[PDB]
Amino acid sequence: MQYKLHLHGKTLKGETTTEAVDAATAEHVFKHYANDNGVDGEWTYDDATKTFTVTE
């Protein structure tokens, strides 16, 4: 299943996706991706849109 990530950092904004078995594991993948790209902030998830958000 596909899950989305919305990045809202001061130096990086946009969207990516990942294919994971469930949302909980998609979360950790995204959190790593955010971290490897210098985005550190508050995380929320919205199941209706299958979308994670990280905000700096």
# chains A, B, ... in the order shown; residues from 1 in each chain; ligands from 1
>>> select_by_dssp(residues="stretch 4-39 of chain A", states="helix (DSSP H, G or I)", output="ChimeraX atom specification")
/A:23-36
>>> select_by_dssp(residues="chain A", states="strand (DSSP E)", output="list in words")
residues 2, 3, 4, 5, 6, 7, 8, 13, 14, 15, 16, 17, 18, 19, 42, 43, 44, 45, 46, 51, 52, 53, 54 and 55 of chain A
>>> closest_residue(among="A:52, A:44, A:39, A:26", to="residue A:9", atoms="only C-alpha atoms")
A:39
>>> residues_around(residues="residue A:45", least_positions_apart="4", cutoff="9 Å", atoms="only C-alpha atoms", output="PyMOL selection string")
chain A and resi 5+23+27+49-54
>>> atom_distance(atom1="atom CA of residue A:3", atom2="atom CA of residue A:42")
17.9 Å
>>> decode(residues="chain A", atoms="C-alpha atoms", output="JSON list (two decimals), in the first residue's frame")
[["chain", "number", "residue", "atom", "x", "y", "z"],
["A", 1, "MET", "CA", 0.00, 0.00, 0.00],
["A", 2, "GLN", "CA", 1.18, 3.52, -0.82],
["A", 3, "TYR", "CA", 1.69, 6.21, 1.83],
["A", 4, "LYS", "CA", 2.55, 9.88, 1.36],
["A", 5, "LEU", "CA", 4.83, 12.29, 3.15],
["A", 6, "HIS", "CA", 4.46, 16.07, 3.14],
["A", 7, "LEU", "CA", 7.68, 17.90, 4.04],
["A", 8, "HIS", "CA", 7.41, 21.38, 5.54],
["A", 9, "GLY", "CA", 10.92, 22.32, 6.62],
["A", 10, "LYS", "CA", 12.63, 25.69, 6.42],
["A", 11, "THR", "CA", 15.06, 24.46, 3.76],
["A", 12, "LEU", "CA", 13.08, 21.64, 2.15],
["A", 13, "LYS", "CA", 9.40, 21.38, 1.14],
["A", 14, "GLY", "CA", 7.49, 18.90, -0.98],
["A", 15, "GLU", "CA", 6.01, 15.41, -1.26],
["A", 16, "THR", "CA", 7.32, 11.87, -1.50],
["A", 17, "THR", "CA", 5.75, 8.41, -1.33],
["A", 18, "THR", "CA", 6.70, 4.94, -0.16],
["A", 19, "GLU", "CA", 5.35, 1.44, -0.63],
["A", 20, "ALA", "CA", 5.04, -0.30, 2.74],
["A", 21, "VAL", "CA", 2.92, -3.06, 4.27],
["A", 22, "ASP", "CA", 1.23, -0.68, 6.74],
["A", 23, "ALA", "CA", 1.35, 2.94, 7.95],
["A", 24, "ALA", "CA", 3.40, 2.23, 11.08],
["A", 25, "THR", "CA", 6.37, 1.01, 9.05],
["A", 26, "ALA", "CA", 5.92, 3.69, 6.39],
["A", 27, "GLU", "CA", 6.27, 6.13, 9.29],
["A", 28, "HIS", "CA", 9.75, 4.96, 10.28],
["A", 29, "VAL", "CA", 10.96, 4.94, 6.68],
["A", 30, "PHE", "CA", 9.76, 8.54, 6.22],
["A", 31, "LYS", "CA", 11.30, 9.61, 9.54],
["A", 32, "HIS", "CA", 14.65, 8.25, 8.37],
["A", 33, "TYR", "CA", 14.32, 9.96, 4.99],
["A", 34, "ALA", "CA", 13.46, 13.26, 6.68],
["A", 35, "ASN", "CA", 16.44, 12.86, 9.01],
["A", 36, "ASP", "CA", 18.86, 12.04, 6.18],
["A", 37, "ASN", "CA", 17.71, 15.19, 4.39],
["A", 38, "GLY", "CA", 17.98, 17.58, 7.33],
["A", 39, "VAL", "CA", 14.32, 17.90, 8.27],
["A", 40, "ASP", "CA", 13.63, 17.77, 12.01],
["A", 41, "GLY", "CA", 10.21, 18.68, 13.39],
["A", 42, "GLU", "CA", 6.73, 17.71, 14.58],
["A", 43, "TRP", "CA", 5.08, 14.66, 13.04],
["A", 44, "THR", "CA", 1.41, 14.06, 12.31],
["A", 45, "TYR", "CA", -0.45, 11.39, 10.35],
["A", 46, "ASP", "CA", -3.80, 11.54, 8.58],
["A", 47, "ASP", "CA", -5.19, 8.17, 7.63],
["A", 48, "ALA", "CA", -8.00, 9.45, 5.39],
["A", 49, "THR", "CA", -5.33, 10.74, 3.00],
["A", 50, "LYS", "CA", -2.68, 8.16, 3.99],
["A", 51, "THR", "CA", -0.34, 11.10, 4.50],
["A", 52, "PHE", "CA", 2.36, 11.89, 7.04],
["A", 53, "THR", "CA", 3.43, 15.47, 7.70],
["A", 54, "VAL", "CA", 6.67, 16.73, 9.24],
["A", 55, "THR", "CA", 6.80, 20.42, 10.15],
["A", 56, "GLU", "CA", 9.81, 22.49, 11.21]]
